[PDB]
Amino acid sequence: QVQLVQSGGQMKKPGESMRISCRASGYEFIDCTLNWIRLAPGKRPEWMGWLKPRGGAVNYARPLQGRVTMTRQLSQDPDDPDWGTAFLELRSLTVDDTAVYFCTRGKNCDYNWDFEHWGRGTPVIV
Amino acid sequence: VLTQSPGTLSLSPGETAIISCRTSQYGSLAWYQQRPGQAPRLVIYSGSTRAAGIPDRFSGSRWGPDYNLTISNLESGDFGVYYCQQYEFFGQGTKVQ
Amino acid sequence: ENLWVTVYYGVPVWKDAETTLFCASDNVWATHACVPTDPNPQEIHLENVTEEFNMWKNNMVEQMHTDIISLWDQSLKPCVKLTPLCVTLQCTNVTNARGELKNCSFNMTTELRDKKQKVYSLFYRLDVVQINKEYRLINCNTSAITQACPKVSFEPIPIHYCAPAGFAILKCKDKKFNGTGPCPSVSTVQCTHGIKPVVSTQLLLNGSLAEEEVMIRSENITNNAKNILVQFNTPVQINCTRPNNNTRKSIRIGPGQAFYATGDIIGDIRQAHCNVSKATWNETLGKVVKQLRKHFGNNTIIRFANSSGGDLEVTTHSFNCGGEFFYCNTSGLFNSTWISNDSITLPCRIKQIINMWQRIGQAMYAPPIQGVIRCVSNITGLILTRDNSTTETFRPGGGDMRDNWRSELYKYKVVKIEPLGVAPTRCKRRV
Amino acid sequence: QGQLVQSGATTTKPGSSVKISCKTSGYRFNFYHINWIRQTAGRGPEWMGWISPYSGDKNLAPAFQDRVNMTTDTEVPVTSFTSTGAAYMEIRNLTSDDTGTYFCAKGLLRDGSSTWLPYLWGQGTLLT
Amino acid sequence: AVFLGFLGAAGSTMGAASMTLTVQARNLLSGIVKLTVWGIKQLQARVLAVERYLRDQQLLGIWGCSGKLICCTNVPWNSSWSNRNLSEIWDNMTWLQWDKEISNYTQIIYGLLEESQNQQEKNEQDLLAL
Amino acid sequence: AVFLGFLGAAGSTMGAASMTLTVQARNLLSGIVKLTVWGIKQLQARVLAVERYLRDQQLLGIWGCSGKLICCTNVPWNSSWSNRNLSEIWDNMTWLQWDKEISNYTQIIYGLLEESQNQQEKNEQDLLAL
Ligand SMILES: *[C@@H]1O[C@H](CO)[C@@H](O[C@@H]2O[C@H](CO)[C@@H](O[C@@H]3O[C@H](CO[C@H]4O[C@H](CO)[C@@H](O)[C@H](O[C@H]5O[C@H](CO)[C@@H](O)[C@H](O)[C@@H]5O)[C@@H]4O)[C@@H](O)[C@H](O[C@H]4O[C@H](CO)[C@@H](O)[C@H](O)[C@@H]4O)[C@@H]3O)[C@H](O)[C@H]2NC(C)=O)[C@H](O)[C@H]1NC(C)=O
Ligand SMILES: *[C@@H]1O[C@H](CO)[C@@H](O[C@@H]2O[C@H](CO)[C@@H](O[C@@H]3O[C@H](CO[C@H]4O[C@H](CO)[C@@H](O)[C@H](O)[C@@H]4O)[C@@H](O)[C@H](O[C@H]4O[C@H](CO)[C@@H](O)[C@H](O)[C@@H]4O)[C@@H]3O)[C@H](O)[C@H]2NC(C)=O)[C@H](O)[C@H]1NC(C)=O
Ligand SMILES: *[C@@H]1O[C@H](CO)[C@@H](O[C@@H]2O[C@H](CO)[C@@H](O[C@@H]3O[C@H](CO[C@H]4O[C@H](CO)[C@@H](O)[C@H](O)[C@@H]4O)[C@@H](O)[C@H](O)[C@@H]3O)[C@H](O)[C@H]2NC(C)=O)[C@H](O)[C@H]1NC(C)=O
Ligand SMILES: *[C@@H]1O[C@H](CO)[C@@H](O[C@@H]2O[C@H](CO)[C@@H](O)[C@H](O)[C@H]2NC(C)=O)[C@H](O)[C@H]1NC(C)=O
Ligand SMILES: *[C@@H]1O[C@H](CO)[C@@H](O[C@@H]2O[C@H](CO)[C@@H](O)[C@H](O)[C@H]2NC(C)=O)[C@H](O)[C@H]1NC(C)=O
Ligand SMILES: *[C@@H]1O[C@H](CO)[C@@H](O[C@@H]2O[C@H](CO)[C@@H](O)[C@H](O)[C@H]2NC(C)=O)[C@H](O)[C@H]1NC(C)=O
Ligand SMILES: *[C@@H]1O[C@H](CO)[C@@H](O[C@@H]2O[C@H](CO)[C@@H](O)[C@H](O)[C@H]2NC(C)=O)[C@H](O)[C@H]1NC(C)=O
Ligand SMILES: *[C@@H]1O[C@H](CO)[C@@H](O[C@@H]2O[C@H](CO)[C@@H](O)[C@H](O)[C@H]2NC(C)=O)[C@H](O)[C@H]1NC(C)=O
Ligand SMILES: *[C@@H]1O[C@H](CO)[C@@H](O[C@@H]2O[C@H](CO)[C@@H](O)[C@H](O)[C@H]2NC(C)=O)[C@H](O)[C@H]1NC(C)=O
Ligand SMILES: *[C@@H]1O[C@H](CO)[C@@H](O[C@@H]2O[C@H](CO)[C@@H](O)[C@H](O)[C@H]2NC(C)=O)[C@H](O)[C@H]1NC(C)=O
Ligand SMILES: *[C@@H]1O[C@H](CO)[C@@H](O)[C@H](O)[C@H]1NC(C)=O
Ligand SMILES: *[C@@H]1O[C@H](CO)[C@@H](O)[C@H](O)[C@H]1NC(C)=O
Ligand SMILES: *[C@@H]1O[C@H](CO)[C@@H](O)[C@H](O)[C@H]1NC(C)=O
Ligand SMILES: *[C@@H]1O[C@H](CO)[C@@H](O)[C@H](O)[C@H]1NC(C)=O
Ligand SMILES: *[C@@H]1O[C@H](CO)[C@@H](O)[C@H](O)[C@H]1NC(C)=O
Ligand SMILES: *[C@@H]1O[C@H](CO)[C@@H](O)[C@H](O)[C@H]1NC(C)=O
Ligand SMILES: *[C@@H]1O[C@H](CO)[C@@H](O)[C@H](O)[C@H]1NC(C)=O
């Protein structure tokens with residue numbers, strides 16, 4: 001029962017920044033890698049970067065380096081200990097950043113690029 | 001490095017939608033379907049393996065650097081935009097309507 | 001013709017299998033409890049033998065990584081629990097001019113359950129957080145804390161992994177053997193070599209060098225989400241030190257509960273750091289960019305940068321030096337774009353409240369090491385991570401810990417012996 | 001149980017030397033000798049000589065000892081029992097009498113009294 | 001002979017590896033030389049060693065091969081198992097190559113050897129009943 | 001024959017149950033497939049399995065029956081043990097009924113088989129001393 005829950009949509013202006021979440025549940029958070037994909041109309045789906053909750057190791061895409069930042073915040077309470085919150089921050093926004101931002105996960109934690117699970121989407125309008 | 005064609009495919013419920021996608025590198029290419037408003041849905045992964053819950057009409061074949069996706073019988077729900085994917089790159093899309 | 005089956009017992013045939021390997025020795029790792037290593041290490045050459053290996057499916061690294069985690073929890077059981085230390089701290093800066101390590105005082109329990117005491121101690125700022133000056137230990141709102149026994153050794157001891165009777169370990173004497181594939185020259189060993197379980201990050205320390213040329217691994221080098229393991233062939237010398245002359249103060253906090261605090265700093269207050277030879281690191285970064293072209297192209301650019309984010313344990317070179325855990329900024333080591341006397345100094349920090357591995361449940365307090373700290377080590381490996389055309393940047397990474405032992409256990413593989421073979425020959429038994 | 005493809009049909013003139021290859025597959029190249037046989041227009045078949053991909057040892061007929069240049073590389077192992085090797089062939093004093101079809105041949109067994117016997121043949125290479 | 005060692009002929013012919021059986025017959029059980037990590041894990045490995053060994057001795061006992069390194073039986077070689085010649089086996093493929101080709105039929109053969117022994121001591125039981 | 005299974009002839013005649021011995025000879029040791037409840041209790045059961053098995057192999061070894069499923073010896077049948085006819089045993093009572101009638105004298109017989117073997121290899125020791 002893998003389920004990814006994101007935050008609500010935001011309307012931003014050029015120069016500001018954004019912060020969106022992605023609470024996962026139903027699987028070991030630190031074992032599977034998470035991604036961030038933006039989808040703009042009339043463009044290719046752009047991969048922003050992946051983040052491994054094991055230590056927070058992250059890898060940003062080149063067209064976004066310096067403007068993108070991905071963190072995590074896994075709960076430290078062993079009763080519901082199977083959930084983390086991947087945060088995405090994009091600074092110095094432009095009108096080209098207007099799209100719907102998703103967080104994805106592979107079908108299994110061995111191969112990351114078979115995005116079987118997707119979030120409902122976080123639309124952003126700059 | 002991903003060239004997906006065609007860009008648009010006008011068909012009727014009952015035909016067969018075949019969408020190709022040329023790749024420069026060799027890897028585990030996959031396919032996605034995005035109905036209007038909804039989120040993309042994984043259809044084929046690793047070239048020809050069908051995803052879970054996908055009908056057997058959806059099928060994928062591979063010959064060299066060329067990956068093809070074909071739907072055996074189009075319905076009113078199979079109409080959407082399809083994307084191919086290898087590693088982190090995606091295709092421009094192919095909206096069937 | 002007249003061919004009947006005939007049973008053969010003791011035939012050279014094995015199968016891939018994973019069993020419970022036992023340790024041998026010659027500290028936290030309890031190496032005194034392993035069987036005494038045999039002074040005669042028998043290595044039998046398997047002539048005409050080719051075997052398929054894979055250091056990424058290897059189970060010895062999955063078992064050892066749990067045999068170290070199970071060794072860590074096993075060694076901290078009888079050690080003092082620092083639960084009363086989770087009290088409101090009254091901290092100031094230690095007199096200087098950056099205000100790093102603090103000077104905190106607190107009402108602490110005593111040997112008598114009705115008496116308190118106002119004792120003080122030094123804590124690096126990485127171990128404390130404010131309330132609204134008032135502080136508290138970092139782990140209090142997360143987990144309990146157990147102080148490391150100051151009589152166990154943090155020193156990596158050569159540990160030998162051996163297969164039980166009926167099983168075997170398969171070596172691989174190919175001096176250009178990348179992680180996967182079929183090793184052409186294979187031999188068998190009863191035990192592995194002296195594995196030093198050096199807990200490191202980004203830069204593999206005190207590891208085993210490579211013969212001939214420096215190879216790099218990674219299971220699929222084109223998959224950017226796979227940690228690339230580079231293994232040097234020459235050792236780059238790295239010197240590290242904590243120059244401050246520290247003091248350790250024993251604080252009785254109960255019947256036999258003695259928390260060891262940092263009294264004061266005798267003499268100068270300086271900055272913990274590390275050194276490498278810029279010439280040796282320049283030629284070694286050249287050796288790594290050499291083999292990197294065989295996978296990415298003879299014309300593409302190779303860029304080096306520091307970490308992109310995450311935890312403290314990954315963004316910096318983290319390790320152990322004399323008994324204290326450094327966190328060395330490696331931005332001065334990875335800053336060179338390659339195309340076709342010296343001394344590089346890294347600013348390191350120090351932490352006492354660590355969780356290690358990455359488990360959420362228990363943190364350890366390392367009692368301060370008395371005197372001036374300095375250790376000399378070799379960096380023998382490297383764990384890189386590449387980032388859309390023909391120019392590849394590379395950054396250091398240290399996500400999973402079991403990549404450390406994997407850099408030493410790629411040469412081995414577990415197989416079980418099945419000495420029962422049935423084969424035909426013109427042979428029958430009498431009546 | 002594997003192939004032994006050779007080079008093409010290169011035709012030169014007497015006095016020169018010709019290089020003939022023999023790329024193996026589907027079997028352990030170091031486990032079986034590589035024999036070289038030819039059938040010229042003037043005689044029948046004639047055994048030239050074999051070489052061991054493991055021992056590196058040579059043994060060739062006295063009618064070809066002072067003419068034949070015979071070497072092997074080292075196999076690129078594919079699996080535990082499969083590999084990919086190569087066997088080379090060159091002559092010295094070439095005439096039109098040596099005009100014929102040439103092939104390589106993998107040895108029969110790995111032990112016994114027929115260890116080198118040409119079992120698995122190539123395809124053939126037409127000389128001058 | 002040449003003391004190749006333990007599994008020294010793993011890549012050699014089945015005829016050469018069959019003459020050095022007491023080498024792998026010794027180190028299959030090794031030998032002799034209390035609560036910690038390796039302590040419990042060592043005892044778990046010491047028990048597994050004698051279990052896999054006694055299974056190969058129990059199987060050898062119920063075949064009439066108890067004590068044999070090379071044991072001849074009554075079960076004829078079925079051509080469906082391996083229709084290969086005797087010279088293309090003992091002077092060619094290795095014991096590792098042999099086990100892969102017989103991995104299927106190896107369970108049928110183990111049952112044919114059991115009743116071939118029970119219908120031998122039962123025949124000898126009548127042979128000594130007079 | 002009919003594959004009755006493990007202990008299939010527990011209620012059958014001693015003559016019918018004696019021809020299916022390798023069936024209960026296999027499952028007496030079974031086989032192969034770390035600190036919890038069943039973990040310590042499983043290892044305690046795995047050790048007891050090989051101990052009771054080696055006792056029956058050690059007893060069979062010191063009788064000269066090592067490797068036999070049916071073993072003939074020298075000790076004559078004492079009428080005090082069971083003065084029953086040969087036909088009223090092998091074609092009548094079962095092995096379960098037999099063990100109750102011999103439960104008394106079963107210890108005396110185990111000693112007669114031991115010295116009957118030592119005074120056989122000692123005789124053969126002199127038989128090969130020339
Ligand atoms: C690994 O795998 C390789 C490949 O399978 C094995 O190499 C093969 O071994 C077999 C058996 O050991 C060989 O078959 C034998 O061939 C000899 C022919 O050698 C004679 O002639 C050679 C050329 O004239 C000459 O070089 C030899 O002289 C010695 O000097 C060389 C120097 O390089 C030395 O390397 C040699 O070892 C020699 O000692 C030699 O005079 C042939 O004489 C044999 O026949 C005898 O033995 C058989 C029984 O084996 C018997 O039936 C016969 O009647 C006769 O008595 C035998 O056919 C084979 O040639 C090798 N090479 C291949 C197949 O390419 C190797 O042994 C394996 N090693 C291990 C450790 O597993
Ligand atoms: C972390 O913070 C703690 C505070 O919580 C510091 O500990 C204190 O350090 C100060 C010095 O910096 C200590 O103060 C000194 O105390 C000495 C002891 O004398 C006392 O007892 C006699 C009785 O024998 C009394 O008569 C006397 O008045 C004191 O009460 C004094 O001798 C020292 O006097 C010095 O200063 C005066 C005024 O400047 C001079 O005139 C003198 O000549 C002399 O030089 C001084 O007062 C204090 O005692 C410490 N407290 C405790 C509890 O130990 C740590 O040092 C600090 N650590 C770091 C690393 O910053
Ligand atoms: C990588 O390997 C290095 C060597 O294998 C490690 O260096 C070792 O580090 C430890 C602790 O940091 C040192 O132990 C110290 O010992 C000195 C006293 O040693 C001196 O005196 C003895 C005489 O008894 C003499 O034999 C020595 O040579 C020294 O002259 C004390 O200050 C402490 O007790 C402390 O324990 C080792 O000495 C040191 N070895 C060497 C060869 O320098 C290094 O730590 C490893 N790196 C990592 C990350 O594990
Ligand atoms: C990365 O992984 C892929 C998939 O396993 C590898 O692609 C295979 O490469 C081999 C060797 O050229 C081919 O024979 C296969 O046909 C390829 N399969 C697919 C699905 O592409 C690739 O080789 C790996 N990367 C590297 C550098 O080897
Ligand atoms: C230790 O020294 C640092 C550096 O001077 C102090 O940091 C200051 O903290 C105050 C908070 O009241 C800020 O307003 C200043 O801007 C900070 N200065 C700098 C340079 O960052 C810190 O407060 C000192 N701690 C104690 C306990 O005195
Ligand atoms: C325990 O308290 C610490 C206080 O530092 C919390 O960590 C910070 O949490 C805030 C927001 O909750 C973040 O903005 C900071 O980046 C965090 N800092 C660090 C170093 O993690 C921590 O979340 C608390 N833990 C629990 C379980 O409540
Ligand atoms: C760090 O540097 C080298 C790595 O090669 C080691 O020093 C050499 O070690 C070899 C093997 O024991 C000796 O044969 C050489 O004589 C040594 N050289 C010198 C100059 O002494 C050294 O032990 C390494 N330290 C580690 C790995 O902890
Ligand atoms: C570090 O400080 C300690 C004391 O805090 C010094 O230890 C002293 O060493 C001398 C020998 O030169 C002894 O006579 C003293 O009795 C020692 N003092 C104590 C309190 O034990 C040590 O020398 C200092 N080391 C450095 C490198 O600064
Ligand atoms: C790291 O420290 C070691 C030990 O202090 C240094 O090795 C010394 O180098 C000098 C200069 O060549 C020699 O005179 C000494 O004899 C060496 N010491 C020993 C024990 O051999 C090494 O140079 C330092 N390296 C770096 C990069 O700082
Ligand atoms: C590690 O060292 C580098 C420089 O060696 C630090 O880089 C600084 O980064 C900040 C922004 O984060 C800049 O404003 C500074 O100008 C940089 N300094 C230099 C000298 O370039 C980096 O901050 C250090 N890492 C940490 C965690 O402090
Ligand atoms: C210890 O308790 C007393 C209670 O009156 C308080 O005044 C004092 O500040 C406490 N000490 C510290 C270091 O907080
Ligand atoms: C290791 O070598 C084999 C063949 O030599 C090759 O197939 C494999 O891809 C190599 N490993 C890597 C990580 O490239
Ligand atoms: C990495 O380098 C950049 C540029 O100098 C710097 O801003 C950043 O703080 C550095 N990060 C770390 C973890 O050193
Ligand atoms: C060979 O085995 C088959 C079953 O696989 C069996 O039906 C046949 O009778 C056997 N033949 C011989 C000659 O053993
Ligand atoms: C053993 O059975 C498998 C069943 O998948 C078959 O593929 C294989 O060919 C069989 N082995 C032989 C030697 O035929
Ligand atoms: C039978 O056993 C008795 C002891 O129970 C013994 O005294 C007697 O000699 C034995 N007789 C024979 C014939 O074995
Ligand atoms: C065995 O001994 C007991 C002793 O109480 C006796 O009652 C029983 O009858 C004996 N068994 C036989 C078969 O006589």
# chains A, B, ... in the order shown; residues from 1 in each chain; ligands from 1
$ select_by_dssp --residues "segment 46-85 of chain B" --states "strand (DSSP E)" --output "PDB file with C-alpha atoms, in the first residue's frame"
ATOM      1  CA  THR B  49       7.416  -6.208 -19.082  1.00  0.00           C
ATOM      2  CA  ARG B  50       3.812  -5.198 -18.413  1.00  0.00           C
ATOM      3  CA  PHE B  58      -0.882  -3.072 -23.935  1.00  0.00           C
ATOM      4  CA  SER B  59       2.332  -4.610 -25.252  1.00  0.00           C
ATOM      5  CA  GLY B  60       5.872  -3.437 -25.901  1.00  0.00           C
ATOM      6  CA  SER B  61       8.566  -4.696 -28.248  1.00  0.00           C
ATOM      7  CA  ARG B  62      12.242  -3.880 -28.725  1.00  0.00           C
ATOM      8  CA  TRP B  63      14.667  -4.243 -31.632  1.00  0.00           C
ATOM      9  CA  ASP B  66      14.092   1.343 -31.123  1.00  0.00           C
ATOM     10  CA  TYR B  67      11.358   0.759 -28.528  1.00  0.00           C
ATOM     11  CA  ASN B  68       7.721   0.428 -29.600  1.00  0.00           C
ATOM     12  CA  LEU B  69       4.457   0.458 -27.647  1.00  0.00           C
ATOM     13  CA  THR B  70       1.195  -0.815 -29.135  1.00  0.00           C
ATOM     14  CA  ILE B  71      -2.358  -0.986 -27.782  1.00  0.00           C
ATOM     15  CA  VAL B  81      -0.636  11.388 -23.763  1.00  0.00           C
ATOM     16  CA  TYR B  82       2.060   8.698 -23.666  1.00  0.00           C
ATOM     17  CA  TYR B  83       5.696   9.182 -22.640  1.00  0.00           C
ATOM     18  CA  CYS B  84       8.780   6.992 -22.934  1.00  0.00           C
ATOM     19  CA  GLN B  85      11.471   7.046 -20.268  1.00  0.00           C
TER      20      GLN B  85
END
$ residues_near_ligand --ligand "ligand 15" --cutoff "10 Å" --atoms "only C-alpha atoms and all ligand atoms" --output "VMD selection string"
chain E and resid 80 to 82 98 to 105
$ write_last_selection --atoms "N, CA, C and O atoms" --output "PDB file, in the first residue's frame"
ATOM      1  N   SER E  80      18.756 -41.337 -21.368  1.00  0.00           N
ATOM      2  CA  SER E  80      18.032 -40.080 -21.221  1.00  0.00           C
ATOM      3  C   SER E  80      18.742 -39.133 -20.262  1.00  0.00           C
ATOM      4  O   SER E  80      18.601 -37.910 -20.382  1.00  0.00           O
ATOM      5  N   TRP E  81      19.504 -39.674 -19.308  1.00  0.00           N
ATOM      6  CA  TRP E  81      20.250 -38.827 -18.383  1.00  0.00           C
ATOM      7  C   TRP E  81      21.359 -38.075 -19.108  1.00  0.00           C
ATOM      8  O   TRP E  81      21.456 -36.846 -19.010  1.00  0.00           O
ATOM      9  N   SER E  82      22.201 -38.797 -19.843  1.00  0.00           N
ATOM     10  CA  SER E  82      23.262 -38.173 -20.632  1.00  0.00           C
ATOM     11  C   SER E  82      23.697 -39.169 -21.696  1.00  0.00           C
ATOM     12  O   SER E  82      24.382 -40.147 -21.382  1.00  0.00           O
ATOM     13  N   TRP E  98      29.808 -31.401 -15.388  1.00  0.00           N
ATOM     14  CA  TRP E  98      28.999 -32.613 -15.323  1.00  0.00           C
ATOM     15  C   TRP E  98      27.771 -32.416 -14.443  1.00  0.00           C
ATOM     16  O   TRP E  98      26.682 -32.900 -14.773  1.00  0.00           O
ATOM     17  N   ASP E  99      27.921 -31.699 -13.326  1.00  0.00           N
ATOM     18  CA  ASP E  99      26.809 -31.558 -12.392  1.00  0.00           C
ATOM     19  C   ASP E  99      25.677 -30.721 -12.975  1.00  0.00           C
ATOM     20  O   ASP E  99      24.516 -30.903 -12.591  1.00  0.00           O
ATOM     21  N   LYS E 100      25.986 -29.806 -13.898  1.00  0.00           N
ATOM     22  CA  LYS E 100      24.934 -28.989 -14.496  1.00  0.00           C
ATOM     23  C   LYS E 100      24.080 -29.805 -15.459  1.00  0.00           C
ATOM     24  O   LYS E 100      22.861 -29.608 -15.538  1.00  0.00           O
ATOM     25  N   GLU E 101      24.700 -30.731 -16.195  1.00  0.00           N
ATOM     26  CA  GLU E 101      23.963 -31.557 -17.145  1.00  0.00           C
ATOM     27  C   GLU E 101      23.140 -32.636 -16.450  1.00  0.00           C
ATOM     28  O   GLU E 101      22.124 -33.082 -16.997  1.00  0.00           O
ATOM     29  N   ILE E 102      23.550 -33.062 -15.252  1.00  0.00           N
ATOM     30  CA  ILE E 102      22.846 -34.099 -14.506  1.00  0.00           C
ATOM     31  C   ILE E 102      21.986 -33.526 -13.385  1.00  0.00           C
ATOM     32  O   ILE E 102      21.342 -34.288 -12.652  1.00  0.00           O
ATOM     33  N   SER E 103      21.936 -32.197 -13.247  1.00  0.00           N
ATOM     34  CA  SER E 103      21.184 -31.582 -12.155  1.00  0.00           C
ATOM     35  C   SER E 103      19.720 -32.002 -12.163  1.00  0.00           C
ATOM     36  O   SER E 103      19.098 -32.101 -11.098  1.00  0.00           O
ATOM     37  N   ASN E 104      19.154 -32.253 -13.342  1.00  0.00           N
ATOM     38  CA  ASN E 104      17.761 -32.683 -13.424  1.00  0.00           C
ATOM     39  C   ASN E 104      17.590 -34.097 -12.884  1.00  0.00           C
ATOM     40  O   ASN E 104      16.913 -34.317 -11.874  1.00  0.00           O
ATOM     41  N   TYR E 105      18.212 -35.071 -13.547  1.00  0.00           N
ATOM     42  CA  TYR E 105      18.010 -36.483 -13.251  1.00  0.00           C
ATOM     43  C   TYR E 105      18.696 -36.938 -11.970  1.00  0.00           C
ATOM     44  O   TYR E 105      18.615 -38.128 -11.645  1.00  0.00           O
TER      45      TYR E 105
END
$ residues_near_ligand --ligand "ligand 14" --cutoff "10 Å" --atoms "only C-alpha atoms and all ligand atoms" --output "list in words"
residues 4 of chain C; 75, 76, 77, 78, 79, 80, 81, 105, 108 and 109 of chain E
$ closest_atom_pairs --of "chain C" --to "ligand 3" --cutoff "7 Å" --atoms "only C-alpha atoms and all ligand atoms" --output "JSON lines"
{"residue": "C:155", "atom": "CA", "partner": "ligand 3", "partner_atom_place_in_ligand_line": "50 (O)", "distance": 6.0}
{"residue": "C:156", "atom": "CA", "partner": "ligand 3", "partner_atom_place_in_ligand_line": "50 (O)", "distance": 5.8}
{"residue": "C:198", "atom": "CA", "partner": "ligand 3", "partner_atom_place_in_ligand_line": "50 (O)", "distance": 5.5}
{"residue": "C:205", "atom": "CA", "partner": "ligand 3", "partner_atom_place_in_ligand_line": "49 (C)", "distance": 5.9}
{"residue": "C:206", "atom": "CA", "partner": "ligand 3", "partner_atom_place_in_ligand_line": "1 (C)", "distance": 5.0}
{"residue": "C:319", "atom": "CA", "partner": "ligand 3", "partner_atom_place_in_ligand_line": "49 (C)", "distance": 5.9}
{"residue": "C:320", "atom": "CA", "partner": "ligand 3", "partner_atom_place_in_ligand_line": "49 (C)", "distance": 5.0}
{"residue": "C:321", "atom": "CA", "partner": "ligand 3", "partner_atom_place_in_ligand_line": "12 (O)", "distance": 5.3}
{"residue": "C:322", "atom": "CA", "partner": "ligand 3", "partner_atom_place_in_ligand_line": "12 (O)", "distance": 3.5}
{"residue": "C:323", "atom": "CA", "partner": "ligand 3", "partner_atom_place_in_ligand_line": "12 (O)", "distance": 6.7}
{"residue": "C:374", "atom": "CA", "partner": "ligand 3", "partner_atom_place_in_ligand_line": "12 (O)", "distance": 6.7}
{"residue": "C:375", "atom": "CA", "partner": "ligand 3", "partner_atom_place_in_ligand_line": "12 (O)", "distance": 4.9}
{"residue": "C:376", "atom": "CA", "partner": "ligand 3", "partner_atom_place_in_ligand_line": "7 (O)", "distance": 5.4}
{"residue": "C:377", "atom": "CA", "partner": "ligand 3", "partner_atom_place_in_ligand_line": "1 (C)", "distance": 4.3}
{"residue": "C:378", "atom": "CA", "partner": "ligand 3", "partner_atom_place_in_ligand_line": "1 (C)", "distance": 6.6}
$ write_last_selection --atoms "N, CA and C atoms" --output "short mmCIF file (atom, residue, chain, number, x, y, z; two decimals), in the first residue's frame"
data_model
loop_
_atom_site.label_atom_id
_atom_site.label_comp_id
_atom_site.auth_asym_id
_atom_site.auth_seq_id
_atom_site.Cartn_x
_atom_site.Cartn_y
_atom_site.Cartn_z
N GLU C 155 39.71 0.98 17.85
CA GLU C 155 40.71 0.75 16.82
C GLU C 155 40.28 -0.39 15.90
N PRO C 156 40.29 -0.18 14.59
CA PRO C 156 40.00 -1.28 13.66
C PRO C 156 41.06 -2.37 13.75
N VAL C 198 37.23 -0.19 9.18
CA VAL C 198 37.40 1.25 9.36
C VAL C 198 36.13 1.95 8.91
N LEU C 205 39.53 4.91 4.18
CA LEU C 205 40.78 5.05 4.93
C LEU C 205 41.35 3.68 5.29
N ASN C 206 42.68 3.60 5.28
CA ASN C 206 43.44 2.43 5.72
C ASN C 206 43.04 1.15 4.99
N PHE C 319 35.04 10.26 10.27
CA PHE C 319 35.84 9.10 10.65
C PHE C 319 36.24 9.19 12.12
N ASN C 320 37.24 8.40 12.52
CA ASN C 320 37.70 8.37 13.90
C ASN C 320 39.21 8.60 13.93
N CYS C 321 39.65 9.44 14.86
CA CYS C 321 41.06 9.82 14.97
C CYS C 321 41.40 9.90 16.46
N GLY C 322 42.12 8.89 16.95
CA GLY C 322 42.46 8.82 18.36
C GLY C 322 41.31 8.53 19.29
N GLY C 323 40.07 8.50 18.79
CA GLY C 323 38.93 8.19 19.63
C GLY C 323 37.83 9.23 19.56
N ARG C 374 46.26 13.30 17.37
CA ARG C 374 46.71 13.30 15.98
C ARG C 374 46.89 11.86 15.54
N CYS C 375 46.42 11.55 14.33
CA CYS C 375 46.49 10.22 13.77
C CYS C 375 46.94 10.32 12.32
N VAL C 376 47.68 9.31 11.87
CA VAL C 376 48.19 9.25 10.50
C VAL C 376 47.54 8.06 9.81
N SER C 377 46.88 8.32 8.69
CA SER C 377 46.17 7.28 7.95
C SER C 377 46.42 7.45 6.46
N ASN C 378 46.20 6.37 5.72
CA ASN C 378 46.16 6.42 4.26
C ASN C 378 44.71 6.41 3.80
#
$ closest_residue --among "D:21, D:80, D:30, D:1" --to "ligand 1" --atoms "only C-alpha atoms and all ligand atoms"
D:30
$ residues_near_ligand --ligand "ligand 2" --cutoff "9 Å" --atoms "only C-alpha atoms and all ligand atoms" --output "number ranges by chain"
C: 91-95, 102-105, 118-122, 262-266
$ residues_near_ligand --ligand "ligand 1" --cutoff "8 Å" --atoms "only C-alpha atoms and all ligand atoms" --output "number ranges by chain"
C: 46-48; D: 30-33, 51-59, 107, 109-116; E: 4, 8-13, 92
